[PDB]
Amino acid sequence: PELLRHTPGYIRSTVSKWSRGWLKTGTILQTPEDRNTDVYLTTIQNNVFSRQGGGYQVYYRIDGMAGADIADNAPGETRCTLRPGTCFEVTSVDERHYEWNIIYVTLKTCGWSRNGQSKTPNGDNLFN
Amino acid sequence: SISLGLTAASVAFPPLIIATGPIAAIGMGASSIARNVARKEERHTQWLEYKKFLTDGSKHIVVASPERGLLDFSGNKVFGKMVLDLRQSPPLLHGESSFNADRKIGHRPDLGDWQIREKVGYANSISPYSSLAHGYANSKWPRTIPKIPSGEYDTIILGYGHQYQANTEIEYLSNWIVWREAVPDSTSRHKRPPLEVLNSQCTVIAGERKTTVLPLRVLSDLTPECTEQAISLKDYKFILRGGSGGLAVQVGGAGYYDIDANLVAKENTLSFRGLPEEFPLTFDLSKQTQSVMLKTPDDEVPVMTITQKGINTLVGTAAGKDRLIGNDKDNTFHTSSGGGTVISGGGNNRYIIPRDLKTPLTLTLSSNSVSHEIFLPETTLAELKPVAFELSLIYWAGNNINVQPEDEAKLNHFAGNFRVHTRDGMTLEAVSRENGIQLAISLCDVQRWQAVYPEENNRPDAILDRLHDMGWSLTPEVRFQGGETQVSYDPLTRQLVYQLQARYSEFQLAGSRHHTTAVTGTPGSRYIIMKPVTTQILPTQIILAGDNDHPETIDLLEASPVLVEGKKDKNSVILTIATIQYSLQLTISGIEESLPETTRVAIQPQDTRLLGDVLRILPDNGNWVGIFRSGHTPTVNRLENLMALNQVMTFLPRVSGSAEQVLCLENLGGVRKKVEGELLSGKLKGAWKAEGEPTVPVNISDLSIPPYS
């Protein structure tokens, strides 16, 4: 249970179109009604943080990892399952690497907000 | 809960145009109340029945729903000469109300009861107000013209309202010692009719937006009651004037129509879907004045008389034999599902034809027309038999459209002016061959085709293969519509070009023995070329575009290569790939006429080799030298260097396909390394020593490495 707080989580997603500076601090975000959000605790060699897919690659660092139970995996990999109905607070998005199509997002623990549309104006949902 | 039963679910994308107008009930006029009055009774009771008819005819002259933009004047039975003006923000309603009548003083609304009483003089001035006939000779049952709320209206339902004069008399009731309004006694000489009709007209003047006019449907089937009701109303005058937005008239079934559509408007519909489904319709858009005949036993009755101007979107009946004749301008014909004939005059003409035609439909093409598009919203391409030297739409099963020209001598004309769309999106085109004209495919929308055939694989190669399977002639250049990329193919040269303009597009290519594959790369584009499934595949050609800023990445991990050999010539590198049993070959070219020296090809996950490194080592002459050889060693799957020291917690992910991992410890130092390894999760088979020698077992506790090895 310990590392459920010290170790931060990581997520990678792809978005077709990105708007410059449209995201502001304090925005409420919410995951869709998926069975379990499969997340990878390490990306250094799991090859999930690397560029893959077309468009803009958006990365999340969950400071609050608690509340996720691991699944049956071969001993050697770290994968966890996140329960839906979670509040998410997007912070620190910069596009100095605009041509590389890379978005950095900072996350922390959140409560039971029950709001926040996740579909971008172009229609791409985040946290996939 | 009671209301829930009157609601209907929405239909998404109706393939055809349907009828949406209300159907009139049986016995809407004054005949029914006349029969109810025909029984011998008191005169004042007869008048009371007439007055009740007028009260209901005026109670609901208009129901307005500005939220959905609909106005309903179907309950109009007594408001005659109605005129609706949608140009103003609050629509303007004018008309004539029904009114009482005195044998001598006429109708006098300006007077009170005592004033009319004195004028005719039936009761004493001392008689109470209750003894007098309230509303005698001074009433209008519409009372005040109803006020339409301001709103944005686009659908107008039109009823059949007449203005009536109620001829009445004064009756003395000695036993009740009162005076009442009564029906005239027809037995007394020949008295005036209890209800006399005056006006049989209506008028709508549409605003600037598109307006749909749906008169009440009175001829909705061939039953004797509906037929007789429609024959009665066959002279009702409808005056429609459309706006620049467009006017869509859905004729109710009987009357006189005078449509004045704006020529500026792009689409002016004339829909006959309200008629009986199996109705013989004969219409012509080159005729201003036309009468819609109805065959009653032994006779014909012009159940409609339509005078039209500015119509270009004739819509035929539901499932009847329609004989439509078009205009010298652009036209759009929504034909019925009962077959018939659709002569289309000059200009540009479009036709929408359904599936399961009960009779062969004949399309006559006028000599003056220029272009004809045929839409088949319910027919897929698999149902059409590819007949050569014929434009007719011959179905595999079912009655087939018979496309013919006006003159066969100019049959050669119309080539490339005849596009047959299909529900899957594939578009035929009439291309003239060397000794005739044929229908060949040029356009193919991948999205609709995927929608209609979702289960089967949807790849452009599979698509083209399937078209060649059915034996369909194809245009000299065929284009694929939709998708993240653009695909073109030339049958004359028999070459497939595929352009992935999407940035960092993950693409999968499998060669085929039936076409040469051409790929246009983009910065960051990755091609996932899997293990070939067929042999003797035509050469492949991929072109990169190096911008020296974000290098392209080429990955061949899942190709499972065995031997890859290279050569260069004329600013292009020709590679060949030999799998265990299949073979393929490709040429890398560039747009800038120079092979980029930053582009990286990832042969193995930890073996990413720059194009420059291979580019130097390969001779300028046309000679082949191996660049990748499995014959040297099994496909190394991980390349770990030895600069990392101490605890380094190596994690090697499992793999479904290879089921065998190869980890290469590489020393860049001149000191013989001695690593004290330890297996914590997994098993080892030993260390490689020779290419053709099985894995040599060795203790994982001691791992000695020679320098520079």
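Chains as they are written, first to last, in PDB author numbering: chain A, 3096 to 3223; chain B, 2000 to 2708.
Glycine is no exception: its CB is placed at the ideal position from the N, C-alpha and C atoms.
In the DSSP assignment, what are the bridge partners of residue 2505(B)? 2525(B)
List the residues of chain A whose Cβ lies closer than 8 angstroms to the Cβ of residue 2161(B), in chain order. Correct list: empty, because the minimum Cβ distance to chain A is about 55 angstroms.
Any chance the stretch 2602 to 2614 of chain B sits against the stretch 2576 to 2585 of chain B, with 3 or more Cβ pairs inside 8 angstroms? no
Rounded to the nearest angstrom, what separates residue 2131(B) and residue 2110(B) at their Cα positions? 14 angstroms
Can you grab the Cα-Cα spacing for the pair residue 2449(B) / residue 2527(B), in whole Å? 22 angstroms
Runs of beta strand (DSSP E) lying entirely within the stretch 2290 to 2321 of chain B, each at least 3 residues, in chain order: 2298 to 2306 and 2312 to 2314
Would the beta-carbon of residue 2539(B) fall within 8 angstroms of that of residue 2599(B)? no
Quick check on residue 2503(B) - is its C-beta less than 8 angstroms from some C-beta in chain A? yes
Between the stretch 2456 to 2477 of chain B and chain A, which residues of the former have a C-beta closer than 7 angstroms to a C-beta of the latter? none
Thinking C-alpha only, which one of 2153(B), 2220(B) and 2429(B) is nearest residue 2275(B)? 2220(B)
Quick one: what does DSSP say residue 2181(B) is sitting in, helix, strand or coil? strand
Starting from residue 2223(B) and walking both ways along the alpha helix (DSSP H), at which residues does that stretch end? 2223 to 2231
With the cut-off set at 8 angstroms, would you say residue 2629(B) and residue 2561(B) are in Cβ contact? yes
How about residue 3146(A): is its C-beta nearer than 8 angstroms to some C-beta of chain B? yes
Between residue 2709(B) and residue 2077(B), how many whole angstroms is the CB-CB distance? I'm expecting something under 8 angstroms. Missing from the structure shown is residue 2709(B); chain B here goes from 2000 to 2708 and no further.
Taking Cβ-Cβ distances shorter than 7 angstroms, what residues in chain B pair up with residue 3169(A)? 2653
Beta carbon of residue 2094(B) nearer than 8 angstroms to that of residue 2156(B): no
Any C-beta of chain B within less than 7 angstroms: which residues of the stretch 3101 to 3127 of chain A qualify? none
Span separating the alpha-carbon of residue 2574(B) from that of residue 2587(B): 8 angstroms
Cβ-based neighbour list, residue 2151(B), same chain, cut-off 6 angstroms, excluding 5 preceding and 5 following: 2068
Backbone secondary structure at residue 2388(B) - three-state DSSP: coil
Near residue 2293(B), what residues of its chain come up, given a Cβ to Cβ distance below 8 angstroms and the 5 sequence neighbours on each side ignored? 2218, 2226, 2229, 2230, 2299, 2300, 2301 and 2302
Measure the Cβ-Cβ separation of residue 2472(B) and residue 2439(B) and say whether it is below 8 angstroms. yes
Count the other CB atoms within 10 Å of the CB of residue 3179(A); is the residue buried (16 or more) or exposed (fewer)? exposed
So that I know if they touch, is there some Cβ in chain B lying closer than 8 angstroms to that of residue 3092(A)? There is simply no residue 3092(A) to check, as chain A begins at 3096 and stops at 3223 in what is shown.
Find out if the Cβ-Cβ distance for the pair residue 2205(B), residue 2254(B) is shorter than 8 angstroms. no
Span of the beta strand (DSSP E) holding residue 2368(B)? 2368 to 2374
Establish whether the CB of residue 2057(B) and some CB of chain A are separated by less than 8 angstroms. no
Could you say which of 2544(B), 2556(B), 2578(B) and 2346(B) lies nearest to residue 2535(B) if we only look at CA atoms? 2578(B)
Could you tell me the distance, in whole angstroms, from the CA atom of residue 2266(B) to the CA atom of residue 2273(B)? 19 angstroms
Residue 3144(A) lies in the alpha helix (DSSP H); which residues open and close that run? Premise fails: residue 3144(A) is in no alpha helix (DSSP H) and is neither H nor E.
What are the start and end residues of the alpha helix (DSSP H) that includes residue 2656(B)? Run containing residue 2656(B): none; DSSP gives neither H nor E here.
Decide if residue 2437(B) is buried, meaning its Cβ has at least 16 other Cβ atoms within 10 Å, or exposed. buried
Among 2176(B), 2190(B) and 2195(B), which one has its Cα closest to the Cα of residue 2096(B)? 2195(B)
Contact with chain B by residue 3207(A), beta-carbon distance below 8 angstroms: no
Using alpha carbons as the reference points, say which of 2139(B), 2134(B) and 2331(B) lies closest to residue 2057(B). 2139(B)
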